[PDB]
Structures are given as structure tokens and as C-alpha cells.
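As they're listed, the protein sequences go chains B1, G1 and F1.
Mind the numbering: the first sequence is residues 34 to 91 in PDB author numbering, read in order.
Mind the numbering: the second sequence is residues 32 to 219 in PDB author numbering, read in order.
Mind the numbering: the third sequence is residues 28 to 125 in PDB author numbering, read in order.
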Amino acid sequence: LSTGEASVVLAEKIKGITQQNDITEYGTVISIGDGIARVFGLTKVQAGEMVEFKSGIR
Amino acid sequence: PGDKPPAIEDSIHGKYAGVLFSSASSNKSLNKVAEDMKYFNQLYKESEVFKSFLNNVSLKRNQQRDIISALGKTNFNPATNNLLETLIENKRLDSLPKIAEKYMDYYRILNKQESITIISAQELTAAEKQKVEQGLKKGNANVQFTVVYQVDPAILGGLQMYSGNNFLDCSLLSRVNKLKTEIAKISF
Amino acid sequence: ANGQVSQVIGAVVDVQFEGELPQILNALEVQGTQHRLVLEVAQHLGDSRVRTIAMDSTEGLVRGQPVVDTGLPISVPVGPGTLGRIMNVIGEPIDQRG
């Protein structure tokens with residue numbers, strides 16, 4: 034083991050998965066139901082902010 | 032030591048930490064797993080990208096397995112590797128850091144070394160501190176310990192020791208209050 | 028048939044899918060049942076799981092049973108042919124009239 038494995042994990046992360054877009058502006062829906070969606074990685078969002086989904090619904 | 036962790040808890044991190052300690056301590060090894068989990072703790076706080084990976088929950092199981100393998104397949108006790116595989120299957124990867132820390136706690140409980148803290152108002156002279164060691168040593172006389180000092184109390188000329196989880200009060204402040212209270216309840 | 032029966036709780040049935048999930052309100056059909064069992068998607072619980080409501084009795088189901096995603100909500104036959112014909116909730120004829 035080594036402490037420099039961060040670069041190794043970072044490299045595998047960018048290529049291993051076709052995901053992880055700009056988290057600070059984008060997010061992923063963990064679950065949807067009962068008129069509620071569990072968005073993921075939607076950091077920097079403000080309380081009451083207006084977000085938009087894929088289909089255009091806000 | 033009987034494949035029995037120090038304490039049994041139903042918490043998420045507690046459950047995995049207890050099972051790992053028992054399973055690890057079962058065959059032959061406890062320190063190997065301790066170093067493995069310790070590595071994750073250091074990496075969890077040093078590498079920022081690694082933290083976001085564990086906290087990530089929307090990631091797929093197959094994706095998590097590929098990233099874990101990229102980190103390292105060797106230098107980790109089989110108990111640690113089997114633990115990670117279980118978390119991915121149960122979506123408990125987010126609870127990885129707590130499990131790591133919780134595991135070390137049990138290991139630190141098995142550690143015999145303990146830290147004793149002495150609290151005193153007046154500064155402890157070099158010669159005075161020497162006498163404190165003989166008292167604590169002669170008191171136990173069967174276990175090694177490390178002494179720590181901290182002098183910011185409200186009592187005056189009082190001694191209060193903290194040894195891991197035990198507290199013994201030899202402070203003069205306790206004596207003063209005890210007498211002033213009994214002298215009032217004389218009921219003459 | 029990219030779905031599997033993760034759990035069965037009375038009439039409610041959860042289907043474990045892989046990759047893309049069925050859109051909400053879609054109609055899922057279980058494979059291997061005695062009679063056509065259609066499941067209406069109600070919500071996506073997460074972790075590649077979806078919660079559906081069974082249109083027919085869920086008796087005799089098994090965990091891991093394959094499920095097919097119709098891709099659209101329950102589709103019932105409409106038109107003048109339904110006139111004078113008894114139709115089921117899933118569009119099947121129960122009048123023995125073909």
C-alpha cells in the first residue's frame with residue numbers, strides 16, 4: 034500500500050465510469066417517488082433554488 | 032482472546048467492526064487488519080477524491096468493485112478484502128470510514144498501554160513530579176503507563192487523576208466542601 | 028427480461044432491474060406465472076429497485092423471477108370492438124367471446 038494511491042484511484046475513476054460530470058452544477062437522481070426526487074451531488078445549491086431535470090420539468 | 036470483541040453493539044459501524052474483530056482475531060491475526068483499516072483512515076482524510084468515492088451512493092456495485100481493485104489487491108488482510116466486498120454488496124460502502132475508526136477502538140481497548148492525566152493547580156516541580164511517578168507506580172506496580180500533565184483547574188492544591196476511564200479525586204477542594212457541609216448539619 | 032423479483036410483500040412486488048429502469052407508471056409483465064400478471068410501476072425506491080402494484084393475484088411468485096418491461100403504462104384495447112364486450116383492467120376479455 035501507499036499514500037499516493039489517490040492518483041491511481043482518480044485515474045480509474047475518470048475512465049472506469051462514464052459519469053461524474055460537473056458535480057457543483059449537476060446531480061444524479063438516486064430515487065424518485067411520492068413527488069420527491071433524491072438528487073445526488075447537487076452541491077452549491079441554494080435553499081429554494083430552481084432546478085431542471087432531463088425531460089425539462091423544473 | 033476468545034474471539035470476543037471488547038463490546039457488542041447493534042450500530043451499523045459497530046456491527047461490522049465487531050464481526051471483523053472476531054473473525055480477524057479468530058484464525059491468527061489482529062494487527063494485520065488493524066494496519067489495513069488504519070490505512071483507510073489516513074487515506075480517507077488525506078485524499079479528497081477517496082472521501083467522495085465512499086460517500087457516493089448513486090454508484091453501481093460493479094463500478095465500486097473496479098475502483099476498489101485499482102486501489103490495491105495486496106498488502107490488505109483477507110478479512111479486510113472480504114469486508115469491502117460485503118459492503119459493496121450491501122451498499123454499506125458509505126459507512127466504510129466509521130467501520131474503520133470503530134474497529135481501531137476495539138484494537139485500542141486490547142492495547143495494554145494507557146495514559147494517565149494528573150490535574151493540579153500549582154505548578155508541578157521537577158522533584159515533585161518524580162514523587163508522583165513512585166506513587167502511581169507503587170499503586171499499580173504491574174502495568175506500564177504513560178503520564179500526561181494539564182494544569183488549568185479551579186481547585187487549589189488539589190490532585191485529580193484520569194486514567195483512561197477511571198477517576199480518583201484527591202483534591203483539597205473536595206475536602207473543604209465536605210467539612211463545611213458536615214459542620215452545618217451538626218444539628219446541635 | 029432485464030428485471031428480477033427482489034422481494035414479494037403480498038400484492039406489492041419489487042423488481043430488481045439492471046441498467047436502465049422502467050419509467051414511472053409503466054406496465055411490467057412477470058414471466059412464468061400461471062396467468063398474465065401485470066405490474067404497474069408506482070415509484071423507484073432506488074438502488075436499481077422499483078416498487079409496483081400487481082393487477083392480479085401475486086400467489087405463486089418466486090424471488091429472482093424474470094420480469095419484462097413493456098416500456099409503456101398499461102395499454103388496454105380501445106375502439107368499437109370493445110362495445111358490447113366485457114373488458115378487464117388489463118384489457119383481457121372475460122366474457123368468453125374471443
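C-beta atoms are modelled at their ideal positions from N, C-alpha and C, and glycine is treated no differently.
If the cut is a Cβ gap below 7 Å, which residues of chain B1 does residue i touch?
i              : result
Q70 (chain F1) : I65, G66 and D67
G73 (chain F1) : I63, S64 and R71
Considering just the uninterrupted stretch of the beta strand (DSSP E) at residue i, what are its terminal residues?
i                      : result
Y137 (chain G1)        : Careful: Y137 (chain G1) lies outside any beta strand (DSSP E), inside the alpha helix (DSSP H) at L127 to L141.
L190 (chain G1)        : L190 to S194
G30 (chain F1)         : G30 to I36
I99 (chain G1)         : No beta strand (DSSP E) contains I99 (chain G1), which is instead part of the alpha helix (DSSP H) from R92 to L102.
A54 (chain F1)         : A54 to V57
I47 (chain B1)         : Looking at the DSSP string, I47 (chain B1) is not in any beta strand (DSSP E); the run it does join, the alpha helix (DSSP H), is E38 to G49.
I69 (chain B1)         : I69 to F73
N121 (chain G1)        : Here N121 (chain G1) belongs to no beta strand (DSSP E), and DSSP marks it neither H nor E.
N106 (chain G1)        : Where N106 (chain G1) is concerned, there is no enclosing beta strand (DSSP E), given that its DSSP letter is neither H nor E.
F219 (chain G1)        : No beta strand (DSSP E) holds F219 (chain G1); DSSP gives it neither H nor E.
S151 (chain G1)        : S146 to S151
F44 (chain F1)         : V39 to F44
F198 (chain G1)        : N197 to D200
residue 229 (chain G1) : With chain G1 running from 32 to 219 in the structure shown, residue 229 (chain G1) is simply not present.
Which chain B1 residues are close to residue i, counting only those with a beta carbon under 9 Å from its beta carbon?
i              : result
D97 (chain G1) : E45, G49 and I50
Does the Cβ-Cβ distance between residue i and residue j come in under 9 Å?
i               : j               : result
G66 (chain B1)  : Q70 (chain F1)  : yes
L64 (chain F1)  : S84 (chain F1)  : yes
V72 (chain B1)  : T61 (chain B1)  : yes
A110 (chain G1) : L51 (chain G1)  : yes
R123 (chain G1) : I43 (chain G1)  : yes
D34 (chain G1)  : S56 (chain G1)  : yes
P100 (chain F1) : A54 (chain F1)  : yes
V182 (chain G1) : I150 (chain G1) : yes
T177 (chain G1) : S205 (chain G1) : no
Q34 (chain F1)  : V57 (chain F1)  : no
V77 (chain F1)  : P120 (chain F1) : no
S60 (chain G1)  : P36 (chain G1)  : no
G30 (chain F1)  : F44 (chain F1)  : yes
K143 (chain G1) : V174 (chain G1) : yes
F84 (chain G1)  : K46 (chain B1)  : yes
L88 (chain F1)  : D41 (chain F1)  : no
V94 (chain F1)  : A28 (chain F1)  : yes
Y137 (chain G1) : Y47 (chain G1)  : no
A152 (chain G1) : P184 (chain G1) : yes
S89 (chain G1)  : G68 (chain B1)  : no
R124 (chain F1) : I117 (chain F1) : no
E79 (chain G1)  : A39 (chain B1)  : yes
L118 (chain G1) : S126 (chain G1) : yes
I'd like the span of the alpha helix (DSSP H) that includes residue i, first residue to last.
i               : result
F84 (chain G1)  : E79 to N86
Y59 (chain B1)  : First-last for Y59 (chain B1): undefined, no H or E at that position.
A48 (chain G1)  : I43 to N58
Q70 (chain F1)  : It is not in any alpha helix (DSSP H) - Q70 (chain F1) instead sits in the beta strand (DSSP E) that spans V65 to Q70.
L204 (chain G1) : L203 to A215
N171 (chain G1) : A157 to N171
Using a Cβ cut-off of 9 Å (strictly closer), state whether residue i contacts chain C.
i               : result
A101 (chain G1) : Here the protein chains are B1, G1 and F1, and chain C is not one of them.
Along chain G1, in chain order, which residues have C-beta atoms closer than 9 Å to that of residue i?
i              : result
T36 (chain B1) : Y70, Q73, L74, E77 and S78
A39 (chain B1) : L74, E77, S78, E79, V80 and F81
Residue i versus chain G1: which residues are under 8 Å apart at the beta carbon?
i              : result
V84 (chain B1) : Ordered by position in chain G1, no residue passes the 8 Å Cβ test against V84 (chain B1), which lies about 16 Å from the chain.
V42 (chain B1) : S78, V80, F81, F84, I98, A101 and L102
I want to check one thing, is the minimum distance from the CB of residue i to the heavy atoms of the ligand FAD below 8 Å?
i              : result
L61 (chain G1) : Absent from the structure shown: the ligand FAD. Ligands present: none.
For this session: Anything in the stretch 78-94 of chain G1 with a Cβ closer than 9 Å to a Cβ of chain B1? List those residues in chain order, please.
Result: Shown in chain order are the members of the stretch 78-94 of chain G1 whose Cβ falls below 9 Å from a Cβ of chain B1: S78, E79, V80, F81, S83, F84, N87, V88, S89, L90, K91 and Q94.
For this session: Using a Cβ-Cβ cut-off of less than 7 Å, list which residues of the stretch 55-74 of chain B1 approach chain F1; keep chain order.
Result: The residues in question are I63, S64, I65, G66, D67 and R71.
For this session: Scan the stretch 46-72 of chain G1 for residues whose Cβ lies nearer than 7 Å to a Cβ of chain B1 and list them as they occur along the chain.
Result: Residues passing the 7 Å Cβ filter: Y70.
Problem set entry | Interface residues of the stretch 40-55 of chain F1 facing chain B1 [CB-CB below 8 Å] | Under the 8 Å Cβ criterion, the stretch 40-55 of chain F1 contributes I51.
Exercise. Name the residues in the stretch 145-161 of chain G1 whose C-beta lies less than 8 Å from a C-beta of chain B1; which are they?
Worked result: For the stretch 145-161 of chain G1, no residue has a beta-carbon sitting nearer than 8 Å to a beta-carbon of chain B1.
Problem set entry | Cβ-based contacts, 9 Å cut-off: residues of the stretch 101-125 of chain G1 near chain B1 | Answer in chain order: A101, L102, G103, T105, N106 and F107.
Exercise. Which runs of the beta strand (DSSP E), 3 residues or longer, sit entirely within the stretch 82-124 of chain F1?
Worked result: The stretch 82-124 of chain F1 contains these whole beta strand (DSSP E) runs: 93-96.
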